[PDB]
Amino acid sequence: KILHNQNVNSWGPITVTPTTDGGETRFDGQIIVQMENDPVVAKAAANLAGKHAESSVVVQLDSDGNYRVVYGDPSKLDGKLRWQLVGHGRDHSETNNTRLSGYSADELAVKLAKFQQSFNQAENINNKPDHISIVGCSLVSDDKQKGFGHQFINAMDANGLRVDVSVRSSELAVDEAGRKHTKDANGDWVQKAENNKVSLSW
């Protein structure tokens, strides 16, 4: 897995195939934030957007805090917003992975804050995300008590963004319908494994 998070102008574009089985979503709008230029991450970002295409915006964000919209209409973003951050979790520790798309929890927070400022300045949309869903492999401890997710929710706060964060402690996988799958003890992929996920709130 070659890490590529620099220069968003050089990233591959994406193609979304909307689905009909999407269903309801407690979010009026969402932004799928593609954190690295990796073929898998790109498709998972596209698939997630496809689950609620009409209200999903896909953005590509690099290490300079620069971005570009690669799908959807950011003018329509309004009401309760979600951000699904898509990338590879890497660098294992006693509290599981320590970096998403090559960024530590604190660095990710900074890029996201830089992003928020730019986005609001460009699209004139000062709506902060209501929830953040981290779509990368095991970025919180098994016990859900420590890890990347916990450093992140705190760094985000320190950076002007108070938000709830959902994160998984295990392996993660997005299917063609935009649905998440986690890996359990036996090593088989499953869905709705609540033991493999935690939701951090204020």
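Residue indices: 1-based, along the sequence shown.
- Comparing 154 to 162 with 138 to 146, the stretch with the higher mean C-alpha B-factor in the PDB entry is 138 to 146.
- In this crystal structure, the stretch out of 8 to 16 and 187 to 195 whose C-alpha atoms carry the higher mean B factor is 187 to 195.
- Ranked by C-alpha B-factor against the other modelled residues of its chain, residue 38 falls in the lowest third.
- Compared with the other modelled residues of the chain, the Cα B-factor recorded for residue 104 ranks in the lowest third.
- Per-chain ranking of the deposited C-alpha B factor places residue 64 in the middle third.
- Residue-level temperature factors show residue 82 in the lowest third of its chain, judged at the C-alpha atom.
- For residue 92, the recorded CA temperature factor ranks within the highest third of the chain's modelled residues.
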